[PDB]
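S.K.: In order, the protein sequences belong to chains A and A'. A prime marks a further copy of an entry chain. Per PDB author numbering: the first sequence = residues 487 to 668. Per PDB author numbering: the second sequence = residues 487 to 668. Backbone N, C-alpha and C fix where the C-beta goes; we use that ideal spot for every residue, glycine too.
There are 2 protein chains.
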Amino acid sequence: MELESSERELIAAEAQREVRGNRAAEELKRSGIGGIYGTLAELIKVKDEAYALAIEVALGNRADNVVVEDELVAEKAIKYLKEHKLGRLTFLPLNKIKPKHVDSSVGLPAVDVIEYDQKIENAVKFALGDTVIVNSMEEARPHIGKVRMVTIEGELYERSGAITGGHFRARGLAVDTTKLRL
Amino acid sequence: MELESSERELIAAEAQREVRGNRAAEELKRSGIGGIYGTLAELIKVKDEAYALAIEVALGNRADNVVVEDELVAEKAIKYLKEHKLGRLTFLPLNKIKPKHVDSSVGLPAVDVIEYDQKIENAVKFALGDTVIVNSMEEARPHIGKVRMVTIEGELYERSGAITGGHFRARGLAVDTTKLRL
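1. Using the Cβ count rule (16 or more neighbours within 10 Å means buried), how would you classify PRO628 (chain A)?
2. Identify, in the order they occur along the chain, each residue of the same chain with its Cβ nearer than 6 Å to the Cβ of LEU642 (chain A), setting aside the five sequence neighbours on each side.
3. Residues bridged to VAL553 (chain A) by DSSP?
4. Mind checking who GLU601 (chain A') pairs with in its DSSP beta bridge?
5. Which same chain residues, not among the five before or five after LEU567 (chain A), have their C-beta less than 8 Å away from its C-beta?
6. So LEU529 (chain A) packs on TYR523 (chain A), CB below 8 Å; how close in whole Å?
7. Using a Cβ cut-off of 9 Å, pull out every chain A residue sitting near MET623 (chain A'), in sequence order please.
8. With H, G and I counted as helix, E and B as strand and the rest as coil, what does DSSP make of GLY546 (chain A)?
9. Pull up the distance between the alpha-carbon of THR617 (chain A') and that of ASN581 (chain A'), whole angstroms please.
10. Could you give the C-beta distance for residue 439 (chain A') and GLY521 (chain A'), rounded to a whole number, given that I count them as a contact under 8 Å?
11. Out of A:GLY652, A:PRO595, A:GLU490 and A:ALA549, point me to the one whose CA is closest to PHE577 (chain A)'s CA.
12. Determine whether the Cβ of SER517 (chain A) lies closer than 8 Å to any Cβ atom of chain A'.
13. If we count the other Cβ atoms within 10 Å of its Cβ and call it buried at 16 or more, is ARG506 (chain A') buried or exposed?
14. Using C-beta distances below 6 Å, list every residue in its chain close to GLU557 (chain A'), excluding the 5 sequence neighbours before and after it, in chain order.
15. Quick one: is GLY520 (chain A) near chain A', going by C-beta distance under 8 Å?
16. Between which residues of its own chain and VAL552 (chain A') is the CB-CB distance below 6 Å, once the five residues before and five after are set aside?
17. Looking at the structure shown, is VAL618 (chain A) part of a helix, part of a strand, or coil, going by DSSP?
18. When the cut-off is 8 Å and only beta carbons count, does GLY651 (chain A) lie next to chain A'?
19. Does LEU578 (chain A) get closer than 8 Å to chain A' when you measure Cβ to Cβ?
20. What do you reckon, are the CB atoms on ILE638 (chain A') and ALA540 (chain A') nearer than 8 Å?
21. Would a check of beta-carbon distances place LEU545 (chain A') closer than 8 Å to chain A?
22. Give the DSSP bridge partners of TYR643 (chain A'), in chain order.
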C-alpha cells in the first residue's frame, strides 16, 4: 500500500477478519473427508501490493468460505461440523457454484490482479468475478447498483446497490504528540 | 422454536451477531444526518416464532445493514463514520437498492412471515425477497444454485450455490449428567 493510511487499513481489516471467522476449516482437513480444497484466503494470491486492500475488501467474508469438489462433500463436512461442535462454515461446491462476470469497462477487473489454481476458478469467479477496482468514490457513484466496485482505499459497492464504507482501523488509546517520555 | 435445539440455535445465532457487528448505527442517529431509517434488524418483525431461526439465518449480516433514503445519505454517513472513527457500516439506499423475487414454488417465501413498513420494502426485498423457507436439507438439495433457501433448522443455501451449515450453539464447559452437587 502506497499511503500509510492504506497500510493501516489493510492490517486492521485482516486482524478483524481473523477475530470473526472460524478456524474449523483446519479441523476439517483431519476428518478424512476428501474433496476439500481449503478456504479462498488460502487459495488466492494478490499479484500487486497496490491492490491488497481492494482485494481484502472485495473478498470480505468470502475469504473464509471453503472450496469443495461438490455438494456431497459439503453435506459430509457439515455433518462433521455438527458432530464435533465446530461451529459453521460456508462451502463452495465447484460443480454448483456460479461464476460472476464483468460486463463493463468502468475499471480493472479484480480477477486480473490475483493468481489462483485454474481448478478452483468457479469459486474464485463466484467471489470476485464481477468486481471492478476503481480509484475513488467519485469515479464510482454513477454505477451504484449496476457494477460491483471496490475502491483502492476500501469502499465497497455491491452490485445490488449496497454501499460499505468507513475505517477499518480503530481509534486506539490517544498518544501524546509531545515527547513526554523520551 | 418447537425443538429445544432450535431455540438454543437461535439464542446462539443472535448472541454471535451481537458480538460481530457495530453499534455505530446508534451514533449515526445523533449526527443530524437526515434520511437514516435504521438497521434491518430494527425494521423487521417475525410474524411467527416457528420461523425465527430461519429469518435470523436468512438475514445474516444484512440484519446490521442501515436503510437510508438515498446514496447521498450513505456518503454523508460514511464521512461521519470516518471523521469520528466509528468503524464501518453497509448502507441500503432506497432509490438504488435492488429487490429480489421468488421465481418458484419450492416453499414459503420468507417475506411472507415478516412484517415491515412498506416504505422500506426495497431494502427488505433486497435482503429476503428471493429467500424460500423449506423444511429440511433433503427437500433442498435438488435446487442448490437455482433457489435461495433456508431450512427451518438453519442451513442456508445461497442462490449462487454456496452452502452454510453447522451449529450456532457452542460446546461450552462439560456438565456432569450425574447430580454431584445437589
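M.R.: In this structure, then:
1. exposed
2. Answer for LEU642 (chain A): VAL543, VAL636 and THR650, listed in chain order.
3. A:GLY524 and A:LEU578
4. A':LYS531
5. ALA510, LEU514, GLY573, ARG574 and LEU575
6. 7 Å
7. Near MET623 (chain A') (Cβ distances below 9 Å), the residues of chain A are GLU561 and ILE564.
8. helix
9. 22 Å
10. Residue 439 (chain A') is absent from the structure shown; chain A' starts at 487 and stops at 668.
11. Distances from the CA of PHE577 (chain A) to each of A:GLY652, A:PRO595, A:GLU490 and A:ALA549 were compared; the closest alpha carbon is that of A:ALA549.
12. Judged by the 8 Å Cβ criterion, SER517 (chain A) is not in contact with chain A'.
13. exposed
14. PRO579 and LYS582
15. no
16. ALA511, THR525, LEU575 and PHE577
17. strand
18. yes
19. yes
20. yes
21. no
22. Residue pairing by DSSP places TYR643 (chain A') opposite A':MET635 and A':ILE649 in a beta bridge.
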